[PDB]
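Only one chain is given next, in structure tokens, and it is the form deposited in one PDB entry.
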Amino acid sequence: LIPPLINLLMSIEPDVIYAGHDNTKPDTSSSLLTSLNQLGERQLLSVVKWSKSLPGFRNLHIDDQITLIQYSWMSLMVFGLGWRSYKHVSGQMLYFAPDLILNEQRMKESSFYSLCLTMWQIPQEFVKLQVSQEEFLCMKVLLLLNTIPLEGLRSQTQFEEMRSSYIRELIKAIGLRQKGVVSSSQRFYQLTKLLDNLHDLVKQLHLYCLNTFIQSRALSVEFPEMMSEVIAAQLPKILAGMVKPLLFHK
């Protein structure tokens, strides 16, 4: 049967979020980018609500919670995109929302084809490894807890206990399907290395994000309130590597 913390993680998963995109008019760079940022804002709000329901998280210092959301939102948003894309369109379109779906031809015709390809790796990776919903749920929690400040957190001990608990739960998620010691330990190496590898992909999204933010008036791409806050709060510091990426393997 499904381990209860994994069953809890499924009950608190954010519900479907609509981008609000007018599909009756042709695509332009600004309309698409604006819709994606608006979707971004709504998804960020749902990450915050999710984190308040996420066992352990509310028990960290309030400054730590904020910092970890500010550090990880981009990883969580693209991991989420990867999963929706995998689950609804077999990983072969980018499923940002039910009303905002980009097949490859729509990607090609956008003003950000390369960004689309970069983001598209993630669902292609889920397809390859046949990632379970239970694995996915646990790995997503680990992304929230995957970077800390160079000086550490105010609630460092509590944080380590929480992170260690979800690592243990990921191992149980793996145990549901992969029977055998050698297959399960190799599976744990694969999934955790995928998380290590995300840091690089995310860094490219962070740079693109910062460049777009700087240039937002020229591009006609608005950045809503909470998104503007998390970018201004931490993004240069993150790009600079003035944080501590947690790694599973050297």
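Only residues modelled in both forms are compared. The term rigid core refers to the most C-alpha atoms you can superpose between the two forms while keeping them within 1.5 Å. Throughout, we count residues from 1 along the sequence that is shown.
We do not show the form deposited with a partner chain bound, though everything after this point is about it.
Proximity to its partner chain in the bound PDB entry holds for all of 48, 58 and 66, with the criterion being a heavy atom within 4.5 Å.
In the bound PDB entry, at least one heavy atom of residue 73 sits within 4.5 Å of its partner chain. Looking at residue 205, you'd find every heavy atom of it more than 4.5 angstroms from its partner chain in the bound PDB entry. At the 4.5 Å threshold, heavy atoms of residue 52 reach its partner chain in the bound PDB entry. At the 4.5 Å threshold, heavy atoms of residue 195 stay clear of its partner chain in the bound PDB entry, well away from it. Fitting the two forms on the rigid core leaves the C-alpha of residue 17 displaced by under 2 angstroms between this form and the one not shown. Cα of residue 240 to Cα of residue 197: at least 3 Å shorter in the bound PDB entry than in the shown structure. The pair residue 240 and residue 192 is tighter in the bound PDB entry: their Cα-Cα distance falls by no less than 3 Å compared with this form. Segments of 3 or more consecutive residues in which every C-alpha moves by 2 Å or more between this form and the one not shown, counting only residues present in both forms and fitting on the core, are 213-217, 227-241.
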